[PDB]
>>> print(open('entry.cif').read())   # mmCIF, C-alpha atoms
data_structure
#
loop_
_atom_site.group_PDB
_atom_site.id
_atom_site.type_symbol
_atom_site.label_atom_id
_atom_site.label_comp_id
_atom_site.auth_asym_id
_atom_site.auth_seq_id
_atom_site.Cartn_x
_atom_site.Cartn_y
_atom_site.Cartn_z
ATOM 1 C CA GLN A 890 -37.612 -18.282 -15.832
ATOM 2 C CA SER A 891 -38.790 -20.614 -12.968
ATOM 3 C CA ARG A 892 -35.254 -20.255 -11.601
ATOM 4 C CA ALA A 893 -35.527 -16.405 -11.608
ATOM 5 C CA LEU A 894 -39.098 -16.667 -10.206
ATOM 6 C CA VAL A 895 -37.907 -18.693 -7.146
ATOM 7 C CA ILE A 896 -35.042 -16.152 -6.547
ATOM 8 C CA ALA A 897 -37.513 -13.166 -6.440
ATOM 9 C CA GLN A 898 -39.627 -15.260 -4.057
ATOM 10 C CA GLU A 899 -36.338 -15.893 -2.039
ATOM 11 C CA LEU A 900 -35.766 -12.120 -2.120
ATOM 12 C CA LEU A 901 -39.320 -11.317 -0.905
ATOM 13 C CA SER A 902 -39.360 -13.895 1.956
ATOM 14 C CA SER A 903 -35.907 -12.765 3.229
ATOM 15 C CA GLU A 904 -36.930 -9.095 2.812
ATOM 16 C CA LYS A 905 -40.025 -9.711 5.099
ATOM 17 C CA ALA A 906 -37.730 -11.253 7.758
ATOM 18 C CA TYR A 907 -35.337 -8.247 7.388
ATOM 19 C CA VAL A 908 -38.133 -5.622 7.726
ATOM 20 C CA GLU A 909 -39.411 -7.516 10.850
ATOM 21 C CA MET A 910 -35.814 -7.354 12.171
ATOM 22 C CA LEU A 911 -35.387 -3.636 11.377
ATOM 23 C CA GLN A 912 -38.773 -2.999 13.104
ATOM 24 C CA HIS A 913 -37.751 -4.577 16.493
ATOM 25 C CA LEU A 914 -34.326 -2.963 16.193
ATOM 26 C CA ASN A 915 -35.990 0.490 16.019
ATOM 27 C CA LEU A 916 -38.356 -0.257 18.911
ATOM 28 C CA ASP A 917 -35.941 -2.114 21.233
ATOM 29 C CA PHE A 918 -32.588 -0.584 20.266
ATOM 30 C CA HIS A 919 -32.994 2.879 18.677
ATOM 31 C CA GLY A 920 -36.134 3.723 20.759
ATOM 32 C CA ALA A 921 -34.653 2.522 24.102
ATOM 33 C CA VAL A 922 -31.305 4.291 23.451
ATOM 34 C CA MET A 923 -33.069 7.543 22.305
ATOM 35 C CA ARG A 924 -35.166 7.370 25.563
ATOM 36 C CA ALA A 925 -31.961 6.884 27.641
ATOM 37 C CA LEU A 926 -29.867 9.602 25.812
ATOM 38 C CA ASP A 927 -32.842 12.081 26.219
ATOM 39 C CA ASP A 928 -32.599 11.468 30.052
ATOM 40 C CA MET A 929 -28.782 11.886 29.987
ATOM 41 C CA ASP A 930 -29.134 15.368 28.501
ATOM 42 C CA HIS A 931 -30.016 16.482 32.123
ATOM 43 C CA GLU A 932 -27.170 14.392 33.817
ATOM 44 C CA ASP A 935 -19.916 13.263 27.433
ATOM 45 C CA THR A 936 -22.346 15.512 25.283
ATOM 46 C CA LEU A 937 -19.979 14.775 22.348
ATOM 47 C CA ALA A 938 -20.358 10.965 22.723
ATOM 48 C CA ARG A 939 -24.191 11.357 22.938
ATOM 49 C CA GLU A 940 -24.359 13.615 19.811
ATOM 50 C CA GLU A 941 -22.282 11.127 17.793
ATOM 51 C CA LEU A 942 -24.451 8.246 19.154
ATOM 52 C CA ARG A 943 -27.590 10.209 18.091
ATOM 53 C CA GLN A 944 -26.194 10.788 14.512
ATOM 54 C CA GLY A 945 -25.243 7.114 13.878
ATOM 55 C CA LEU A 946 -28.548 5.975 15.441
ATOM 56 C CA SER A 947 -30.565 8.361 13.170
ATOM 57 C CA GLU A 948 -29.797 6.087 10.187
ATOM 58 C CA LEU A 949 -31.775 3.108 11.622
ATOM 59 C CA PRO A 950 -35.333 4.626 11.098
ATOM 60 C CA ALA A 951 -34.310 5.885 7.602
ATOM 61 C CA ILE A 952 -33.154 2.323 6.723
ATOM 62 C CA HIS A 953 -36.309 0.751 8.222
ATOM 63 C CA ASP A 954 -38.487 3.062 6.016
ATOM 64 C CA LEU A 955 -36.360 2.284 2.926
ATOM 65 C CA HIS A 956 -36.862 -1.480 3.335
ATOM 66 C CA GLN A 957 -40.542 -1.123 4.393
ATOM 67 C CA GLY A 958 -41.004 0.441 0.896
ATOM 68 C CA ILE A 959 -38.858 -2.228 -0.938
ATOM 69 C CA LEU A 960 -41.074 -4.938 0.739
ATOM 70 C CA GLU A 961 -44.364 -3.163 -0.325
ATOM 71 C CA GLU A 962 -43.113 -2.897 -3.965
ATOM 72 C CA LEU A 963 -41.719 -6.479 -3.893
ATOM 73 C CA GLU A 964 -44.982 -7.924 -2.429
ATOM 74 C CA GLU A 965 -47.019 -6.261 -5.246
ATOM 75 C CA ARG A 966 -44.573 -7.107 -8.111
ATOM 76 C CA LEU A 967 -44.569 -10.846 -7.231
ATOM 77 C CA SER A 968 -48.402 -10.856 -7.148
ATOM 78 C CA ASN A 969 -48.458 -9.626 -10.779
ATOM 79 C CA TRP A 970 -45.519 -11.845 -11.955
ATOM 80 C CA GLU A 971 -47.517 -13.420 -14.844
ATOM 81 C CA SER A 972 -48.008 -9.917 -16.434
ATOM 82 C CA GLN A 973 -44.658 -8.125 -15.628
ATOM 83 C CA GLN A 974 -41.666 -10.222 -14.420
ATOM 84 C CA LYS A 975 -39.482 -7.289 -13.206
ATOM 85 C CA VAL A 976 -37.931 -6.571 -9.706
ATOM 86 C CA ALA A 977 -34.403 -5.108 -10.281
ATOM 87 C CA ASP A 978 -35.745 -1.526 -11.015
ATOM 88 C CA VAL A 979 -37.047 -1.429 -7.381
ATOM 89 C CA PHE A 980 -33.370 -1.042 -6.298
ATOM 90 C CA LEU A 981 -32.488 1.538 -9.062
ATOM 91 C CA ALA A 982 -35.441 3.742 -8.026
ATOM 92 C CA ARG A 983 -33.906 3.894 -4.490
ATOM 93 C CA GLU A 984 -30.411 5.406 -5.023
ATOM 94 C CA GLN A 985 -31.037 8.046 -2.233
ATOM 95 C CA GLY A 986 -32.340 5.235 0.018
ATOM 96 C CA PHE A 987 -29.185 3.079 -0.069
ATOM 97 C CA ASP A 988 -27.228 6.298 0.715
ATOM 98 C CA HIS A 989 -28.441 5.923 4.339
ATOM 99 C CA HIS A 990 -26.705 2.467 4.229
ATOM 100 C CA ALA A 991 -23.458 4.188 3.014
ATOM 101 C CA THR A 992 -23.814 6.861 5.753
ATOM 102 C CA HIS A 993 -24.528 4.146 8.404
ATOM 103 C CA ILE A 994 -21.469 2.091 7.306
ATOM 104 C CA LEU A 995 -19.207 5.254 7.398
ATOM 105 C CA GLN A 996 -19.919 5.916 11.115
ATOM 106 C CA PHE A 997 -20.749 2.264 12.154
ATOM 107 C CA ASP A 998 -17.593 1.398 14.221
ATOM 108 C CA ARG A 999 -17.544 4.970 15.793
ATOM 109 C CA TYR A 1000 -21.039 5.016 17.347
ATOM 110 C CA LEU A 1001 -20.945 1.313 18.219
ATOM 111 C CA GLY A 1002 -17.565 1.567 19.975
ATOM 112 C CA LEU A 1003 -18.810 4.758 21.669
ATOM 113 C CA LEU A 1004 -21.879 2.718 22.804
ATOM 114 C CA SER A 1005 -20.111 -0.139 24.686
ATOM 115 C CA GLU A 1006 -17.525 2.385 26.015
ATOM 116 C CA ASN A 1007 -20.248 4.770 27.268
ATOM 117 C CA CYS A 1008 -22.127 1.836 28.890
ATOM 118 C CA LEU A 1009 -19.155 1.196 31.297
ATOM 119 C CA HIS A 1010 -19.916 4.495 33.164
ATOM 120 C CA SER A 1011 -23.560 5.231 32.251
ATOM 121 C CA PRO A 1012 -26.130 3.159 34.237
ATOM 122 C CA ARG A 1013 -28.988 4.632 32.057
ATOM 123 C CA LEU A 1014 -27.254 3.755 28.726
ATOM 124 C CA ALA A 1015 -26.182 0.358 30.194
ATOM 125 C CA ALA A 1016 -29.853 -0.267 31.214
ATOM 126 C CA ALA A 1017 -30.956 0.536 27.615
ATOM 127 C CA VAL A 1018 -28.343 -1.686 25.903
ATOM 128 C CA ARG A 1019 -28.890 -4.654 28.382
ATOM 129 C CA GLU A 1020 -32.727 -4.488 27.725
ATOM 130 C CA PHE A 1021 -31.931 -4.811 23.985
ATOM 131 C CA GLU A 1022 -29.087 -7.476 24.256
ATOM 132 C CA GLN A 1023 -31.891 -9.478 26.019
ATOM 133 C CA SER A 1024 -33.778 -9.749 22.577
ATOM 134 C CA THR A 1031 -23.590 -8.030 21.635
ATOM 135 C CA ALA A 1032 -25.164 -4.908 19.962
ATOM 136 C CA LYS A 1033 -22.226 -4.332 17.474
ATOM 137 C CA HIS A 1034 -22.685 -7.963 16.396
ATOM 138 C CA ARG A 1035 -26.488 -7.633 16.225
ATOM 139 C CA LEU A 1036 -26.047 -4.526 13.918
ATOM 140 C CA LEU A 1037 -23.765 -6.282 11.355
ATOM 141 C CA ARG A 1038 -27.131 -7.987 10.491
ATOM 142 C CA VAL A 1039 -28.304 -4.549 9.126
ATOM 143 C CA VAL A 1040 -25.198 -4.159 6.793
ATOM 144 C CA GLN A 1041 -25.297 -7.897 5.879
ATOM 145 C CA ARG A 1042 -28.536 -7.512 3.761
ATOM 146 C CA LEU A 1043 -26.422 -5.548 1.230
ATOM 147 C CA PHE A 1044 -24.117 -8.588 0.587
ATOM 148 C CA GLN A 1045 -27.323 -10.746 0.320
ATOM 149 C CA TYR A 1046 -28.765 -8.523 -2.485
ATOM 150 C CA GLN A 1047 -25.360 -8.966 -4.286
ATOM 151 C CA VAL A 1048 -25.481 -12.802 -4.028
ATOM 152 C CA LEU A 1049 -29.261 -13.029 -4.812
ATOM 153 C CA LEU A 1050 -29.102 -10.498 -7.688
ATOM 154 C CA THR A 1051 -26.127 -12.347 -9.220
ATOM 155 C CA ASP A 1052 -28.165 -15.611 -9.085
ATOM 156 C CA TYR A 1053 -31.096 -13.646 -10.583
ATOM 157 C CA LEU A 1054 -28.933 -12.248 -13.455
ATOM 158 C CA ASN A 1055 -27.624 -15.771 -14.426
ATOM 159 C CA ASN A 1056 -31.219 -16.820 -15.190
ATOM 160 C CA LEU A 1057 -32.161 -13.659 -17.130
ATOM 161 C CA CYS A 1058 -31.991 -13.259 -20.913
ATOM 162 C CA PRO A 1059 -28.694 -11.354 -21.626
ATOM 163 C CA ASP A 1060 -30.768 -9.159 -23.991
ATOM 164 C CA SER A 1061 -33.445 -7.974 -21.509
ATOM 165 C CA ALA A 1062 -34.281 -4.576 -19.995
ATOM 166 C CA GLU A 1063 -34.243 -6.615 -16.697
ATOM 167 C CA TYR A 1064 -30.677 -8.057 -17.267
ATOM 168 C CA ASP A 1065 -29.594 -4.405 -17.742
ATOM 169 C CA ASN A 1066 -31.469 -3.156 -14.634
ATOM 170 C CA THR A 1067 -30.073 -6.108 -12.521
ATOM 171 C CA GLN A 1068 -26.518 -5.020 -13.569
ATOM 172 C CA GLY A 1069 -27.395 -1.410 -12.600
ATOM 173 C CA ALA A 1070 -28.841 -2.540 -9.217
ATOM 174 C CA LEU A 1071 -25.684 -4.602 -8.752
ATOM 175 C CA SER A 1072 -23.361 -1.665 -9.339
ATOM 176 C CA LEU A 1073 -25.607 0.633 -7.199
ATOM 177 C CA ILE A 1074 -25.270 -1.813 -4.233
ATOM 178 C CA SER A 1075 -21.542 -2.390 -4.929
ATOM 179 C CA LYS A 1076 -21.037 1.415 -4.601
ATOM 180 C CA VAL A 1077 -22.568 1.034 -1.074
ATOM 181 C CA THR A 1078 -20.790 -2.285 -0.041
ATOM 182 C CA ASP A 1079 -17.442 -0.816 -1.174
ATOM 183 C CA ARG A 1080 -17.703 1.499 1.888
ATOM 184 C CA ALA A 1081 -18.349 -1.517 4.212
ATOM 185 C CA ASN A 1082 -15.090 -3.183 3.035
ATOM 186 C CA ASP A 1083 -12.995 -0.025 3.471
ATOM 187 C CA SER A 1084 -14.745 1.747 6.485
ATOM 188 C CA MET A 1085 -15.726 -1.237 8.729
ATOM 189 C CA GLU A 1086 -13.243 -3.519 10.487
ATOM 190 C CA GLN A 1087 -15.806 -6.395 10.013
ATOM 191 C CA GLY A 1088 -16.923 -5.497 6.421
ATOM 192 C CA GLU A 1089 -14.440 -7.740 4.499
ATOM 193 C CA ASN A 1090 -15.188 -10.693 6.824
ATOM 194 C CA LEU A 1091 -18.997 -10.079 6.699
ATOM 195 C CA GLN A 1092 -18.708 -10.296 2.890
ATOM 196 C CA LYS A 1093 -16.593 -13.538 2.920
ATOM 197 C CA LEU A 1094 -19.130 -15.265 5.240
ATOM 198 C CA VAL A 1095 -22.159 -14.079 3.177
ATOM 199 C CA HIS A 1096 -20.604 -15.423 -0.085
ATOM 200 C CA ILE A 1097 -19.384 -18.692 1.658
ATOM 201 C CA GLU A 1098 -22.842 -19.369 3.192
ATOM 202 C CA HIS A 1099 -24.529 -18.886 -0.250
ATOM 203 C CA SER A 1100 -21.968 -21.166 -2.028
ATOM 204 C CA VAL A 1101 -22.132 -24.126 0.410
ATOM 205 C CA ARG A 1102 -25.259 -26.408 0.050
ATOM 206 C CA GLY A 1103 -25.497 -27.402 3.761
ATOM 207 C CA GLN A 1104 -24.048 -24.375 5.671
ATOM 208 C CA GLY A 1105 -26.855 -22.072 6.870
ATOM 209 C CA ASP A 1106 -25.501 -18.929 8.566
ATOM 210 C CA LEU A 1107 -21.856 -18.393 9.449
ATOM 211 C CA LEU A 1108 -22.413 -15.012 11.117
ATOM 212 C CA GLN A 1109 -21.041 -15.804 14.612
ATOM 213 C CA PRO A 1110 -19.281 -13.334 17.020
ATOM 214 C CA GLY A 1111 -15.488 -13.437 16.705
ATOM 215 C CA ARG A 1112 -15.644 -15.835 13.676
ATOM 216 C CA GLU A 1113 -13.137 -14.886 10.957
ATOM 217 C CA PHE A 1114 -12.384 -16.559 7.580
ATOM 218 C CA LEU A 1115 -8.676 -17.603 7.310
ATOM 219 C CA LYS A 1116 -8.083 -19.929 4.293
ATOM 220 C CA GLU A 1117 -9.887 -21.755 1.444
ATOM 221 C CA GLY A 1118 -8.635 -24.402 -1.013
ATOM 222 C CA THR A 1119 -9.223 -27.916 -2.364
ATOM 223 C CA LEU A 1120 -7.321 -30.985 -1.146
ATOM 224 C CA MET A 1121 -7.683 -34.676 -2.069
ATOM 225 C CA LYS A 1122 -9.396 -37.123 0.305
ATOM 226 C CA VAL A 1123 -7.302 -40.331 0.404
ATOM 227 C CA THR A 1124 -9.693 -43.346 0.549
ATOM 228 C CA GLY A 1125 -7.347 -46.292 -0.024
ATOM 229 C CA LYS A 1126 -5.708 -45.616 -3.425
ATOM 230 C CA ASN A 1127 -8.712 -43.508 -4.635
ATOM 231 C CA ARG A 1128 -8.394 -39.662 -4.565
ATOM 232 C CA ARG A 1129 -11.613 -37.549 -4.269
ATOM 233 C CA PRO A 1130 -11.614 -33.694 -4.104
ATOM 234 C CA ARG A 1131 -12.651 -31.855 -0.916
ATOM 235 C CA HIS A 1132 -12.899 -28.018 -0.740
ATOM 236 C CA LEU A 1133 -11.895 -26.556 2.676
ATOM 237 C CA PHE A 1134 -13.177 -23.310 4.334
ATOM 238 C CA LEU A 1135 -10.909 -22.658 7.400
ATOM 239 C CA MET A 1136 -12.206 -20.206 10.057
ATOM 240 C CA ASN A 1137 -10.681 -19.484 13.500
ATOM 241 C CA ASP A 1138 -13.947 -20.885 14.872
ATOM 242 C CA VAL A 1139 -14.901 -23.932 12.729
ATOM 243 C CA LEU A 1140 -13.532 -25.915 9.661
ATOM 244 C CA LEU A 1141 -15.935 -26.441 6.752
ATOM 245 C CA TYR A 1142 -15.233 -29.709 4.873
ATOM 246 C CA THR A 1143 -17.018 -29.639 1.533
ATOM 247 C CA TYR A 1144 -17.174 -31.201 -1.993
ATOM 248 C CA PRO A 1145 -16.791 -28.935 -5.066
ATOM 249 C CA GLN A 1146 -19.697 -29.310 -7.538
ATOM 250 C CA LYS A 1147 -19.854 -28.497 -11.357
ATOM 251 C CA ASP A 1148 -22.098 -25.510 -10.260
ATOM 252 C CA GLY A 1149 -19.174 -23.648 -8.636
ATOM 253 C CA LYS A 1150 -21.254 -24.374 -5.505
ATOM 254 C CA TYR A 1151 -20.202 -26.871 -2.772
ATOM 255 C CA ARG A 1152 -21.742 -29.480 -0.362
ATOM 256 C CA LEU A 1153 -21.038 -29.453 3.397
ATOM 257 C CA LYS A 1154 -19.640 -32.955 4.087
ATOM 258 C CA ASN A 1155 -18.657 -32.510 7.774
ATOM 259 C CA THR A 1156 -17.678 -29.654 10.117
ATOM 260 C CA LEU A 1157 -14.676 -29.571 12.528
ATOM 261 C CA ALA A 1158 -13.740 -27.367 15.566
ATOM 262 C CA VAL A 1159 -10.392 -25.467 15.202
ATOM 263 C CA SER A 1165 0.171 -33.858 11.706
ATOM 264 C CA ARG A 1166 2.412 -34.181 8.583
ATOM 265 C CA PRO A 1167 2.813 -38.024 8.147
ATOM 266 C CA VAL A 1168 5.338 -39.660 5.812
ATOM 267 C CA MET A 1169 3.742 -42.171 3.417
ATOM 268 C CA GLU A 1170 4.858 -43.198 -0.125
ATOM 269 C CA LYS A 1171 1.500 -43.631 -1.975
ATOM 270 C CA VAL A 1172 0.343 -40.296 -0.329
ATOM 271 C CA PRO A 1173 3.053 -37.632 -0.939
ATOM 272 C CA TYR A 1174 2.332 -34.103 0.469
ATOM 273 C CA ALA A 1175 0.056 -35.533 3.246
ATOM 274 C CA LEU A 1176 -2.078 -33.576 5.770
ATOM 275 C CA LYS A 1177 -3.595 -35.222 8.913
ATOM 276 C CA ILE A 1178 -6.091 -32.925 10.714
ATOM 277 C CA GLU A 1179 -7.068 -34.459 14.090
ATOM 278 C CA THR A 1180 -9.747 -33.710 16.746
ATOM 279 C CA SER A 1181 -11.482 -35.982 19.405
ATOM 280 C CA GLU A 1182 -14.609 -36.313 17.130
ATOM 281 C CA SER A 1183 -12.954 -36.237 13.602
ATOM 282 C CA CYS A 1184 -9.776 -37.133 11.525
ATOM 283 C CA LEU A 1185 -9.009 -36.293 7.834
ATOM 284 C CA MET A 1186 -6.419 -37.930 5.531
ATOM 285 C CA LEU A 1187 -5.786 -35.270 2.927
ATOM 286 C CA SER A 1188 -3.213 -34.991 0.164
ATOM 287 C CA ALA A 1189 -1.875 -31.725 -1.222
ATOM 288 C CA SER A 1190 -0.370 -31.296 -4.746
ATOM 289 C CA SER A 1191 2.929 -29.791 -3.447
ATOM 290 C CA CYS A 1192 4.985 -29.992 -0.233
ATOM 291 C CA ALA A 1193 4.621 -26.140 -0.199
ATOM 292 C CA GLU A 1194 0.750 -26.384 -0.515
ATOM 293 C CA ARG A 1195 0.895 -28.983 2.349
ATOM 294 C CA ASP A 1196 3.095 -26.626 4.436
ATOM 295 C CA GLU A 1197 0.966 -23.533 3.489
ATOM 296 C CA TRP A 1198 -2.090 -25.192 5.139
ATOM 297 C CA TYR A 1199 0.048 -26.629 7.995
ATOM 298 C CA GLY A 1200 1.261 -23.169 9.157
ATOM 299 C CA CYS A 1201 -2.246 -21.711 8.804
ATOM 300 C CA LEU A 1202 -4.030 -24.603 10.621
ATOM 301 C CA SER A 1203 -1.216 -24.270 13.237
ATOM 302 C CA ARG A 1204 -1.568 -20.442 13.773
ATOM 303 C CA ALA A 1205 -5.183 -20.991 15.023
#
>>> encode(input="entry.cif", output="structure tokens")
Amino acid sequence: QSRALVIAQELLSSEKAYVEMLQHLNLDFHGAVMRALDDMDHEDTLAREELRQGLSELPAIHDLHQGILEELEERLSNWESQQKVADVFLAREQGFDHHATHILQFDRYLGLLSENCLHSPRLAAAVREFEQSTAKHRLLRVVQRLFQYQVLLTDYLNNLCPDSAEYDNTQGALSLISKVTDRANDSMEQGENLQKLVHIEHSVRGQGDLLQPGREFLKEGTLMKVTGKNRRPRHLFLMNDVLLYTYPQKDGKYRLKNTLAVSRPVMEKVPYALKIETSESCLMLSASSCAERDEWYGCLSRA
């Protein structure tokens, strides 16, 4: 009840920040690119028309979320009378279709954008002015909200009564969004990774925002920290970028213990041993098998 109240508050606060972001995207990215492309009409046409189609989704998304925010703001003001938010998503099936449409042409118009900047001073001038505050990276932030609703709405459902019209609606809103995010995973080269990083951020108590350009999730798994003769569990999130060193809690959630920037010793009391070394950090970890130890070795090696 308090737990579900704080999650709707978490949903509203993050929605405000998202609507503010979609606002400045439409003014500084869509607006500036529309202005440029309108000039280029009088300067090829194909690239512009495809850019215009993919860019048309941004105002439609902005309007969708402007509405979600207005309904969310009002519903949280009258929380001690009606304690319902899920149905706000259900009411907007047509709205989230713009998300699906955006996802479907995402890589096409964004690839077409950087490509067309290499020989279009006007388009380059528009994109630079925006990149001021990489565009394709700055637009993953649009599609990322969808994975956030999934994580938030799942935390919202776990605190609802399994026999509520709201538990039902939350499930419906979850399947409605999953219909949309399915397209991200199968139509975007960065969709599967964007999802991994959204779920990994939300699970780790200590890791804020993993969305970094070029960052890609590689391996997860628990290993034992060898402190003398004592063996304590540590859950590892290995990226090409950074190495998250955590502790698995009873919650299914974790705790960021240290972070590392991406040897196999022989010792009796520590069989299946892994020694990860950097100039700032060193970990003495034990695997359960010499195959588990060599699975991680080859993966930590590859990057």
>>> resolve_selection(input="entry.cif", expression="the PyMOL selection byres ((chain A and resi 1173) around 9)", output="PyMOL selection string")
chain A and resi 1168-1172+1174-1175+1188-1192
>>> closest_atom_pairs(input="entry.cif", of="stretch 927-1036 of chain A", to="stretch 1058-1066 of chain A", cutoff="9 Å", atoms="all atoms listed in the file", output="Markdown table")
| residue | atom | partner | partner_atom | distance |
| --- | --- | --- | --- | --- |
| A:974 | CA | A:1063 | CA | 8.6 |
| A:975 | CA | A:1063 | CA | 6.3 |
| A:976 | CA | A:1063 | CA | 7.9 |
| A:977 | CA | A:1066 | CA | 5.6 |
| A:978 | CA | A:1066 | CA | 5.8 |
| A:980 | CA | A:1066 | CA | 8.8 |
| A:981 | CA | A:1066 | CA | 7.4 |
>>> write_last_selection(input="entry.cif", atoms="C-alpha atoms", output="PDB file, in the coordinates of the input")
ATOM      1  CA  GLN A 974     -41.666 -10.222 -14.420  1.00  0.00           C
ATOM      2  CA  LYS A 975     -39.482  -7.289 -13.206  1.00  0.00           C
ATOM      3  CA  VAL A 976     -37.931  -6.571  -9.706  1.00  0.00           C
ATOM      4  CA  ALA A 977     -34.403  -5.108 -10.281  1.00  0.00           C
ATOM      5  CA  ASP A 978     -35.745  -1.526 -11.015  1.00  0.00           C
ATOM      6  CA  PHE A 980     -33.370  -1.042  -6.298  1.00  0.00           C
ATOM      7  CA  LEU A 981     -32.488   1.538  -9.062  1.00  0.00           C
TER       8      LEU A 981
END
>>> closest_residue(input="entry.cif", among="A:897, A:910, A:1133, A:994", to="residue A:966", atoms="only C-alpha atoms")
A:897
>>> residues_around(input="entry.cif", residues="residue A:1105", least_positions_apart="4", cutoff="12 Å", atoms="only C-alpha atoms", output="JSON list (two decimals) with C-alpha atoms, in the frame of the given file")
[["chain", "number", "residue", "atom", "x", "y", "z"],
["A", 1094, "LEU", "CA", -19.13, -15.26, 5.24],
["A", 1095, "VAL", "CA", -22.16, -14.08, 3.18],
["A", 1096, "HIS", "CA", -20.60, -15.42, -0.08],
["A", 1097, "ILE", "CA", -19.38, -18.69, 1.66],
["A", 1098, "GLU", "CA", -22.84, -19.37, 3.19],
["A", 1099, "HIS", "CA", -24.53, -18.89, -0.25],
["A", 1100, "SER", "CA", -21.97, -21.17, -2.03],
["A", 1101, "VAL", "CA", -22.13, -24.13, 0.41],
["A", 1109, "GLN", "CA", -21.04, -15.80, 14.61],
["A", 1141, "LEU", "CA", -15.94, -26.44, 6.75],
["A", 1152, "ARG", "CA", -21.74, -29.48, -0.36],
["A", 1153, "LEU", "CA", -21.04, -29.45, 3.40]]
>>> resolve_selection(input="entry.cif", expression="the PyMOL selection byres ((chain A and resi 960) around 8)", output="PyMOL selection string")
chain A and resi 901+904-905+908+956-959+961-964
>>> residues_around(input="entry.cif", residues="residue A:1176", least_positions_apart="2", cutoff="8 Å", atoms="only C-alpha atoms", output="number ranges by chain")
A: 1165-1167, 1174, 1178, 1185-1189, 1195, 1199
>>> atom_distance(input="entry.cif", atom1="atom CA of residue A:998", atom2="atom CA of residue A:1033")
8.1 Å
>>> decode(input="entry.cif", residues="stretch 1089-1137 of chain A", atoms="C-alpha atoms", output="short mmCIF file (atom, residue, chain, number, x, y, z; two decimals), in the first residue's frame")
data_model
loop_
_atom_site.label_atom_id
_atom_site.label_comp_id
_atom_site.auth_asym_id
_atom_site.auth_seq_id
_atom_site.Cartn_x
_atom_site.Cartn_y
_atom_site.Cartn_z
CA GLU A 1089 18.15 -6.22 -26.33
CA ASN A 1090 21.09 -4.37 -24.70
CA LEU A 1091 18.89 -1.35 -23.72
CA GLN A 1092 16.60 -3.84 -21.94
CA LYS A 1093 19.48 -5.66 -20.11
CA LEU A 1094 20.87 -2.32 -18.81
CA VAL A 1095 17.40 -1.05 -17.71
CA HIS A 1096 16.72 -4.29 -15.74
CA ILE A 1097 20.35 -4.38 -14.32
CA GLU A 1098 20.18 -0.71 -13.17
CA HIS A 1099 16.82 -1.37 -11.39
CA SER A 1100 18.13 -4.58 -9.69
CA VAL A 1101 21.41 -3.13 -8.32
CA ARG A 1102 21.06 -0.92 -5.14
CA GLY A 1103 24.02 1.42 -5.92
CA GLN A 1104 24.20 1.51 -9.77
CA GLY A 1105 22.37 4.58 -11.14
CA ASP A 1106 22.30 4.62 -14.96
CA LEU A 1107 24.26 2.23 -17.14
CA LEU A 1108 23.15 3.81 -20.43
CA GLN A 1109 26.59 4.73 -21.87
CA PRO A 1110 27.57 4.84 -25.62
CA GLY A 1111 29.17 1.59 -26.80
CA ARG A 1112 28.46 -0.17 -23.44
CA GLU A 1113 27.24 -3.76 -23.92
CA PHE A 1114 26.30 -6.43 -21.32
CA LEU A 1115 28.43 -9.62 -21.73
CA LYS A 1116 28.04 -11.98 -18.71
CA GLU A 1117 26.36 -12.29 -15.27
CA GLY A 1118 26.83 -14.86 -12.49
CA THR A 1119 27.70 -15.33 -8.81
CA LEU A 1120 31.18 -16.28 -7.57
CA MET A 1121 32.55 -16.69 -4.02
CA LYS A 1122 34.77 -14.01 -2.47
CA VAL A 1123 37.67 -15.78 -0.69
CA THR A 1124 38.42 -13.89 2.59
CA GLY A 1125 40.83 -16.25 4.36
CA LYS A 1126 38.92 -19.55 4.73
CA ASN A 1127 35.49 -17.75 4.68
CA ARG A 1128 33.45 -17.80 1.41
CA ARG A 1129 30.94 -14.94 0.76
CA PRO A 1130 28.80 -14.68 -2.44
CA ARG A 1131 29.39 -11.88 -4.98
CA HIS A 1132 27.16 -11.42 -8.08
CA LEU A 1133 29.06 -10.15 -11.18
CA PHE A 1134 27.69 -8.00 -14.08
CA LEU A 1135 30.41 -7.99 -16.84
CA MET A 1136 30.16 -5.27 -19.54
CA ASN A 1137 32.75 -4.43 -22.24
#
